[PDB]
Structure formats: C-alpha cells, structure tokens
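Residue-level structural notes
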Amino acid sequence: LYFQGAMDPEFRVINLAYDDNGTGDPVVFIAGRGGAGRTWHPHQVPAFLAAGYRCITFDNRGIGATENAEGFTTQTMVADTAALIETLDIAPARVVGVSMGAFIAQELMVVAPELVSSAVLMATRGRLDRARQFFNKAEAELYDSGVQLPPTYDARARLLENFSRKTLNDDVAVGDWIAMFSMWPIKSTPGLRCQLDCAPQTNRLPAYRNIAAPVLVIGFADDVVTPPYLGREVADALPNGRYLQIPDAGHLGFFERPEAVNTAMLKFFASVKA
Amino acid sequence: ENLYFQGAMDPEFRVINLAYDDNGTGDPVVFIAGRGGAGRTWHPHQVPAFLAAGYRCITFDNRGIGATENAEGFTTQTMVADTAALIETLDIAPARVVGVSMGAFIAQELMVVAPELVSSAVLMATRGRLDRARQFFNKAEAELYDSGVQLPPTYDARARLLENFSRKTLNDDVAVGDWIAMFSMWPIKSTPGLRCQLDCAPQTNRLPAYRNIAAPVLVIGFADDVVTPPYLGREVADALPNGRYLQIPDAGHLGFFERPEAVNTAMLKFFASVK
C-alpha cells in the first residue's frame, strides 16, 4: 500500500507507494532517477522471488503520485528510505540501488548503517568528475529553459546514452528497445528535475570508508553516464566492498543484461549473512 | 589568399562558387570534411603533418558550409560533382583523397562515378549503408532541425561530447575541459546547408557499388565511434577490392582530432607504399 516519508523543509507530510512480494530475507530496491518501483519487476523481482527473497519496491519521491514534489534533497530521500525499512520493521535489510538509487543507498549506509545488512550498488559513483558535472549542469539547463525535445530526438538520446555498442549494432535489439521506450514514458516533472540534484555535490568517498557492511558495486563497461571507473572508486573506499564489471552493458545494464546482473547479485547475497 | 573554384550548377541554373585552400608543392592530397566541417578543420592536425611530409594539401568548404550555408536541395551527387570540379580545376587528377564521414562517403561515391580522378584514398569513420540505429539517429536529427527547436548551448555541448569522444577522453578531466572550451571556438551553426548535408548519406546499401573501385584505399575505424560504428567501416573495406582496414583504439567519432598522431602516422604509412 503506502508508507509515510520524511517531512519536507516546508512541514508537509508525504506518502509513498510501495509494493511488497513474497516471504523470506527482505531486499529493498531503490530505482534511479525517473524510475518507478515498477522498474525492478520485469527483470529483478521474479529472479529474487525464485531465490527465496522478499522484495520491496517503491516509488521514490518525485515519481508517480508525487511527481510534483519539489524542494527536496538527497537527505530527504535517504530519510524516505529509512522510513520504509523502519515502518516495515525489516532492519537490517539487504539493499539494491542503481545510480541515483545507489547514491541514496550509500548515503543511507553512512547515517544509518544499522538499517542495512549488505548492499549491491549498480551504475554508481561517489563524486562527479568534470564530464558528469558538465552533463548534470546541461540536463538542468535543458529542463529549466522550458524547451521540450521532439520525440524521436528524445528516443535517440535515450538510446545513445543507455545501451552498449553491441546493442546498438544489432538492428533487432535496437528495434525492440525503441518500442520498449513507448512503454516507459519518462515525464518531465518537477520531481524529475529535483532528483537531478540528488547527486554528489562534493567528494563523498571519504565517508564511505566507514561503511562496514559487505557491498558489491557493479560497473557497466559501456556506461558513459556513470562510468565504471567512478564505480571502482566507490568499491575501493568501501572496506568490505568488492567490484564487478559487466561487459557490453550500457548505463541500463540491469535491463540490458539482466541474467548476468542477477546471477552476480544473487551470488553475492548468498555469500553474506542476513 | 582567397581561393574559390566553381562547382556544380544547382537545379535553378545558378553557378555556385566554393572557397578552397591550397598549400605545399609536393604530391597533391584533397581533404573532404565531414558534415558541418569547414575546410579549416583539417588544419589544426592534418595539414601540418602532411606539409611536413612533403604533400601538397587541398582543403575546401563543402557545399552548405560558410559562404554557401544557405544552399539547399543538393545531394550526394551534387557534392560528388563539386569535388570532381575541384580536382579538375586544379589539374591534379588523379589525386590522393582523405575524407571523414560525410566526406568519406563523398569520396567513395566519387570513386564510383569517376575513378580516374583519384589515385588512392583514406576513408575515416565511414559506412556504405545505415543500420537500424544509424538510420534512426538520422531521422531523429532531421526531426530536431525540422521542428524549429533550439537546444540550449550547454545541452548541445553535452551531446557533442557524448557523440564524438572516446570513454578514455571523457574520463580525463583536463582533456574534457579542453574539449568543452574548444566548442566556443568551433560552434556548429544550424543552417539550411547543414540540414541538407544530413541527407548526403547512404539511402541504400552502397556496398555492392564499391566492389568496382580499383584504387588502393585505407579505411580507418574509430573504436568508440557510435555515430559511424567501426563495423560499418570494416564493411566498406571488405567491399573494396584493394581496401584494407585499420582501427584506432580509444577514439570517438572525432578520432582524427582526438588521436591526431595515430591517425596521421597510419595515413602517411599508407600513402608511402601506394602505387
């Protein structure tokens, strides 16, 4: 059903949809920017259920019912995630985050290590290098100037930024991904714009040196949005962090290479106590 | 110091002049820039190495660039004729040719209709057809221009960086800083010439036509190129009877600016041992 998220600087309460399937070890998935809880269902949830896990997915602040939410920060979203885990009384929970959701996971582990037993961080970073800082500032500038991209150009960008070269060279896969875009419309909302800022303002890597819990950081070879090498940095900082690269995976490697990413998550999760 | 030659007449029976450059006294080489490139783009890296190697370099402003940025409804065949006219006016047939991208497609089509004009060529970042992704990218680019919408400068620069450079380059804060700033000095102006240049591309599979080009050709693939991926260049080289394939690692679509020494060394090696 719904849980109550953190109160926002303007003293308003927020409810956030979540979905809870199966029984067993609890796993909380946090999606990236623009991802609803549904993002984990086509590829992750059925594998995690078959492996005996209980899967919690949910709709981040600024998505769906709260797509008009604004004036929020990383801390606000971390607090949200803490509320889910506490409300559901599942602490310590295994956590799976990707990109913005992986940042949240990280920053949650900094302030509330006891909410989290082990984590997989996909397509992540602890800081923005000069390219990613420029990209981030360019997306903000796009939204803020009101101009809407035409739909084919918008699908071109989505294709080029999120998929491996190997996918782009395969006319059949390309066709399918373009169709697949119609089914995942990404509305340009105040919530989407606000999630853009839920990203490293500073180098957060020192803080990660104190995270004790076991962590698998997954990097995607072909990712230009959150390049593998920033993933690696995060893993090095994590005392009990390990790193694994998926070959021929774009930024959306968890959809694109779901069998390889699931195998590696499950493997890692079975090697650590609940 | 202001050289122009007369190119193909357009369908309105107007004469078109196109600016060109010509330096050096050695073996002639004609460079054909890619979409949106002025001839001057060959100058920061290619020209000085060719001049120092004793070649004479010819560069020019393709139809739809600079003084003809407002020109439209021309085709590949029109530009192939411009290039033919250049080689003829200068009386350097048969010439060495270096093309990149749209320029490499031009060179390839030149070779098909007028093989006598070209002794050998280097074709960088090329293809003889559009696959599903590249076809879709092209449709999307046309849609963007045709809708009237103007991308904000930073967002456009983002796209340039993402379309053009290797991953090794994007991860290099200093290099990236230099490329972001280099876009100020080479802005890519949205013009009817640019929009028409978009269609000077392989409408069909052109690979069968290329099995008849006799001249020695080096095609250069750039490893990280998503605009024209390497495997499309390989295809060009396979179709060519005397074509050979080289691939530069860590090179985006703009490999020839990004790895000028690797690319130059390859082309000069090639040209030294051609007939």
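Each chain is numbered from 1 in the order of its written sequence, a scheme that can depart from the entry numbering, and any residue without coordinates is omitted. Here the convention is simple: chains get letters from A, ligands get numbers from 1, in the order in which they are written. To get the side-chain values, all heavy atoms of the structure are used, and hydrogens and water are removed first.

A few words on the overall build of chain B. In this description a helix means any DSSP run of H or I spanning at least four residues, a strand means any run of E spanning at least two, and both kinds are numbered starting from the N terminus. Scanning chain B for helices and strands turns up 11 helices and eight strands. Computation of the radius of gyration draws on C-alpha atoms alone. For the globule rule, the value is 2.2 Å times the number of residues to the power 0.38. In terms of C-alpha radius of gyration, chain B reaches 18 Å, essentially the compact-globule figure of 19 Å for 275 residues. Seen along its three principal axes, the alpha-carbon backbone of chain B occupies a region of about 45 × 45 × 40 Å. Think of it in three bands: with a 1.4 Å probe and only protein chains considered, a residue is buried below 20% of the maximum accessible area for its type, exposed above 50%, and partly exposed in between. Expressed as a percentage of its 275 residues, the buried residues of chain B come to 58%. Put simply, of all contacts in chain B between residues at least 6 apart along the chain, 76% involve residues at least 24 apart. All accessibility values rest on the Shrake-Rupley procedure with a 1.4 Å probe; residue burial counts only the protein chains present in the view. Of the roughly 11,500 Å² that chain B leaves accessible, carbon and sulfur atoms contribute 51%. By definition, residues are in contact when any of their heavy atoms lie within 4.5 Å.

Moving on, we come to the interface of chain A and chain B. Counting residues at the interface gives 37 residues for chain A, matched by 37 residues for chain B. Accessible area, probed at 1.4 Å, shrinks when two parts are joined; the buried area is that loss added up over both. With both sides pooled, the region where chain A packs onto chain B buries about 3,400 Å², and carbon together with sulfur makes up 66% of that total. By the criterion of area lost to chain B, the three top residues of chain A are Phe134, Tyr153 and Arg156 of chain A, representing 19% of everything that side buries. Salt-bridge detection follows one rule: a side-chain nitrogen of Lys or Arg within 4 Å of a carboxyl oxygen of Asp or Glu. For the pair chain A and chain B, the interface holds three salt bridges. Note that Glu161 of chain A is salt-bridged to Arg158 of chain B, the shortest N-O span being 2.7 Å. Each polar contact in these results corresponds to two N or O atoms within 3.5 Å; when the atoms are within protein, one needs to be able to donate a hydrogen and the other to accept it, and residues that are neighboring in sequence are counted only if both atoms are side-chain atoms. Between chain A and chain B we count 13 residue pairs in polar contact in total. Contributing elements (two or more residues each) for the side of chain A that touches chain B: α4 (130-144), α5 (151-162), α6 (165-168) and α7 (171-183) of chain A. Among the elements that line the side of chain A that touches chain B, the one with the most residues is α4 of chain A, at 10 residues. Along the lines of polarity and charge, the residues of the side of chain A that touches chain B split into 21 nonpolar, five polar and 11 charged. The nonpolar class holds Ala, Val, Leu, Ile, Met, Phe, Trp, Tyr, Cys and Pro. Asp, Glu, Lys and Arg form the charged class, and all remaining residues, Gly among them, are polar.

Residues and elements named next belong to chain A. UniProt positions are given in the numbering used here, feature names are shortened, and annotations may be inferred rather than shown by experiment. Those places that UniProt annotates as "active site" correspond, in this numbering, to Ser99, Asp223 and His251. Spanning 153 residues, the named residues nonetheless gather at one spot, since no C-alpha pair among them exceeds 11.0 Å. Mapped onto the elements of the fold, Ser99 is located in the loop between β5 (93-98) and α3 (100-111). Taking relative accessible area as the criterion, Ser99 reaches 9% and is therefore assigned buried. Here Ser99 is in contact with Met122, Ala123, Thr124, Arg125, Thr226 and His251, once residues within four sequence places are set aside.

Residues and elements named next belong to chain B. The length a helix should cover is 1.5 Å for every residue beyond the first. Over its 14 residues, helix α2 (residues 76-89) runs 20 Å from end to end, which matches the ideal 20 Å to within 8%, given 1.5 Å per residue. By the criterion of burial, α2 is predominantly enclosed, with 10 of the 14 residues buried. Those residues of α2 that fall on the buried side of the exposure criterion are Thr76, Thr78, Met79, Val80, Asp82, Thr83, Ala84, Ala85, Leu86 and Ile87. On its buried face, α2 is in contact with β1 (3-6), β2 (17-23), β3 (27-32), β4 (55-60), α3 (102-113) and α8 (192-197). Just downstream of α2, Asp91 is the residue with a positive phi angle, here 55°.

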